[PDB]
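Peer 1: Below is a structure I'd like to ask you about.
Each reported figure results from applying straightforward, stated rules to the coordinates on display, with no laboratory input. Here the Cβ is made from the backbone with ideal geometry for all residues, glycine too, and neighbour counts use every protein chain on show.
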Amino acid sequence: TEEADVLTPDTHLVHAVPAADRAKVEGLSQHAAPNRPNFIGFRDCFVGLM
Amino acid sequence: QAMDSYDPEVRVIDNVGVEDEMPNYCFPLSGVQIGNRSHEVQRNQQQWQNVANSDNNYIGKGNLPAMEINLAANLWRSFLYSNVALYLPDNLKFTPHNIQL
Amino acid sequence: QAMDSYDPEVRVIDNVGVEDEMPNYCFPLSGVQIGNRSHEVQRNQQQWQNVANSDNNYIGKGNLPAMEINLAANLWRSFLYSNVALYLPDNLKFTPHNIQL
Amino acid sequence: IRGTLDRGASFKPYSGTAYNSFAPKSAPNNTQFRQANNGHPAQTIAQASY
């Protein structure tokens, strides 16, 4: 047994069974889903940069 | 005359991720596993009297037993390993176990 | 105005094979089938004394029970049958069983 | 032009995930929940595959 710095970057809770009292048996029922893809960068022909 | 060329996606990997927002499941050829039999029984007069009208049915208390598999994911992985993994320099590979070479 | 045409891959089959070097698996919605319970017990003083601290856990001794399926293979077959098998001359077909036609 | 850019935390240049993408979106890791409270401390759900 051990403790980990567990986290979730590209995922969120799609189905959260219990609010609080979560760490209980009925909690593992929670499901996850990938976060929507979001691309970011300089516009076409750098429009607006000038 | 058929000039040589390569698949653009192979030369330069464009890992844009995988669209697997929806989970994929495989269900039994039955649509519900058979293992126990019910018994339509009437109440009142007792605790609930048998029906007698034929017995041994099949009802699954709950949802259908299914196995999950990230479809889109596999295809992506199979693509890579077959188009870039097997072509990596011999230095990154290792002879299999118990095999005359 | 939309000239008729056909899918080049249908007219002339280019069976280049299938990239299925990697096996595909579907795992239970649990990540391990539940059927037996463990029991964290202490040694010494005896053969191993119970824990008492709650009981009935779930631990699978071994790997996860999975079902295999050659993904890439299926798609290839489904493609063929649906684009060239159902279009074969009637002479190569046969009326189904017990069906008015 | 030369400089530094910070796409922020809302930057996700891809779909799906990059962490156990084959893991069922319901299957949990080695969690040691609690049995509906009472006098039942801890409870392990996992697998010994070595």
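Peer 1: In terms of modelled amide H atoms, which long-range or inter-chain residues lie less than 5 Å from the amide H of C:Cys26?
Peer 2: C:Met67
Peer 1: Can you list the residues, at least 5 places off or on another chain, whose amide H is less than 5 Å from the amide H of C:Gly60, using H built in the peptide plane?
Peer 2: Sorted by chain and number, the residues that satisfy this are D:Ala46, D:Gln47, D:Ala48.
Peer 1: May I pose another question? Can you tell which of D:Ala36, D:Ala27, D:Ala18 shows the greatest fluctuation in a Gaussian network model of chain D with Cα springs below 10 Å?
Peer 2: Ranking D:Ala36, D:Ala27, D:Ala18 by mean-square fluctuation puts D:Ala36 first.
Peer 1: For q values of 0.18 Å⁻¹, compute log₁₀ I(q)/I(0) with the Debye formula on a Cα-only model of chain B, without solvent.
Peer 2: Log-scaled intensity ratios, in q order: -1.03.
Peer 1: Read phi for every residue in segment B:81-88 and hand back ³J(HN,Hα) as whole Hz from Karplus 6.51 cos²θ - 1.76 cosθ + 1.60, θ = phi - 60°, with x for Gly and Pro.
Peer 2: After applying 6.51 cos²θ - 1.76 cosθ + 1.60, I find 3, 8, 10, 9, 6, 6, 9, 5 Hz.
Peer 1: Here is a follow-up. What nm distances, shortest first, do you get from the label point of C:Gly35 to those in the other copies when the point sits 7 angstrom along Cα to Cβ?
Peer 2: For C:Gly35, the inter-copy label distances come out at 0.9 nm.
Peer 1: Considering the dipole of chain B built from charges on the beta carbon (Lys and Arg +1, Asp and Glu -1) around the Cα centre, which of B:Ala2, B:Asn83, B:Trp48 is farthest to its positive end?
Peer 2: Of the options given, the answer is B:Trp48.
Peer 1: Something else now. Using a label point 7 angstrom from Cα along Cα-to-C-beta, what distances in nm, from shortest up, separate C:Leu75 from the other copies?
Peer 2: The answer, with the shortest distance listed first, is 0.4 nm.
Peer 1: Rounded to whole Hz and in sequence order, give me ³J(HN,Hα) for segment D:7-22 from the Karplus expression 6.51 cos²θ - 1.76 cosθ + 1.60, θ = phi - 60°, writing x for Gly and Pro.
Peer 2: Per-residue couplings from phi come out as 4, x, 8, 7, 8, 9, x, 4, 9, x, 9, 10, 8, 6, 5, 9 Hz.
Peer 1: Assigning unit charges at the beta carbon (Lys, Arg +1; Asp, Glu -1) and nothing else, what dipole magnitude in debye, to the nearest 20, does chain A show about its Cα centre?
Peer 2: 300 debye
Peer 1: Let me know the shape class of the protein assembly as shown, please: from the alpha-carbon gyration tensor, a ≥ b ≥ c as square roots of the eigenvalues, rounded when a/c is under 1.5, otherwise prolate if a/b is greater than b/c, or oblate.
Peer 2: Since a/c reaches 1.5 but b/c is at least a/b, the shape of the protein assembly as shown is classed as oblate.
Peer 1: Starting from the Cα of C:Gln100, step 7 Å along the direction of its Cβ; do the same at B:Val51; then give the gap between the two resulting points in nm.
Peer 2: 3.2 nm
Peer 1: Around D:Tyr14, what is the net charge, scoring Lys/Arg as +1 and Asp/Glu as -1 over all other residues with Cβ under 12 Å from its Cβ?
Peer 2: With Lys, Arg at +1 and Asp, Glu at -1, the net is -2.
Peer 1: Next up: Order by neighbour count: A:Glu2, C:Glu40, B:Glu68, fewest other Cβ atoms within 10 Å first, most last.
Peer 2: In increasing order of surrounding Cβ atoms, one gets A:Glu2, C:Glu40, B:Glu68.
Peer 1: What ³J(HN,Hα) values, in whole Hz, does the Karplus curve 6.51 cos²θ - 1.76 cosθ + 1.60 give for segment C:56-73 when θ = phi - 60°, with x put for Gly and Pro?
Peer 2: For segment C:56-73, the Karplus-derived couplings read 6, 9, 8, 9, x, 6, x, 8, 7, x, 10, 10, 9, 6, 6, 2, 2, 5 Hz, x marking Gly and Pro.
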